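Only one chain comes next, encoded as C-alpha cells, the form deposited in one PDB entry.
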C-alpha cells in the first residue's frame, strides 16, 4: 500500500537492504520497495539512472539508501553519484541520531543526542584550482539563505520531537564573516521559538565536550564546516558505524540512511555486517510514513535482541553472522505479531 524507493548502493549495502526486507517481510510491513541499482563501481551509473531515481522520488517522496561508492582514481567525492543524488533531491539537512542501545556497553551509556548539520554548502561547495606551480586554493561558500533553512529546520525538529534545547556549533571566532553569518541566522530564528532553549559553542570546545561529557547537549545544529566529522565522532560514542542511523531531508523528500559514513564504514566481507543502523533507520522511516505500530515493533525487536546479548555481530563483540542476527530479529518480530494483545 506504501511505495518506497530503495537504493542498495555498494559495499554491504545489498546485504543490509536484504535485512530490511526480510525483517519487513517477517513483520507484514505494508511497504513495496522500488529498487534502483545505481553503482558507479560496478558500471551501472549514468545520469539517466539518476533521473529515473528522481522520478521514483517524485512519486514515492521517501527513500531508504545505501552508500554509492566513488572510485578515487579520476574522481573526488564531490562529483560522485552520491553527491549528484543529494543535489537532484535537494537534500539539505542531515539528521544523525546518537542514542545509546541498552546492552551494547560503551563508555557513554544512556546517551540521547541528535546532530543536525547543513548538507549543501561549506565543504561540499569546495572549488579547488592551482594558482602557482605548487600552490592549491580551495574556495568555499556560506549563504544566509542556506543558514536560515537549516536553523529553521533545527527548531522545527526540536519542537516536533519534544526536544528541549538546541545548541548552535560554530567557528565564528576565526571565520568571522562566514560563520558569524550562520551564527546570526541562528539567533534570528531562535527568537521565533521561545519554548526551546538556545546556546552557542565554538567548535573546538564542542568536540572536547562530546567526548568528555556528551550528556550536556540535546540537539546540535551546525554548518558544513568540516563535513561529516562530528557525526562520525559522535557515532563512536554509541557503538560506531554499525548502529547509528541517519536521515536526510528536503523540502519534500525524506531519505533514510546510516549516520556514520566514513569510506570504510563496514568494509567487511560477505556476511559480517551489522543491520542495526539500517534496521533502525527503516523503523524511523516507517514512523515518518505514519505506520507507528510497525515502526515501533521493529525498533523494539532490534533493541531487545541486543539487550539479551545472545546474538551479537563482530562490531558488538560477538561471533554471529549477519544472517544469524537478522534471522533472530525476524524470530522476535514474528513472536511480537502473534502475541501483541
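Just so we're on the same page, rigid core means the largest C-alpha set that superposes within 1.5 Å between forms. Positions refer to the first chain, counted from 1.
In what follows, reference is made to the form deposited in another entry, a form of this protein that is not presented.
(request) Using the rigid core as the fixed frame, list which single one of 189, 220, 225, 142 shifts its Cα by at least 2 angstroms between the shown form and the other one. (result) Shifted by 2 Å or more: 225 only.
(message) Please state whether residue 263 has a C-alpha shift of 2 Å or more between the shown form and the other one, with the rigid core used for the fit.
(response) Yes, the C-alpha position differs by at least 2 Å between the shown form and the other one.
(request) Examine residue 308 after superposing the rigid core and state whether its CA is displaced by 2 Å or more between the shown form and the other one. (result) Result for residue 308: no, shift under 2 Å.
(message) Quick check: residue 299 between the shown form and the other one - does its CA shift reach 2 Å or more after fitting the rigid core?
(response) Residue 299 C-alpha, core-superposed: shift of less than 2 Å.
(message) Closer or farther: the C-alpha atoms of residue 222 and residue 226 in that other deposited form, versus the form shown, with a change of 3 angstroms or more?
(response) Pair moves closer in that other deposited form.
(request) Over in the other structure, so in that other deposited form, do residue 8 and residue 262 pull closer or drift farther apart at the C-alpha level? The difference is 3 angstroms or more. (result) Their C-alpha distance shrinks by at least 3 Å in that other deposited form.
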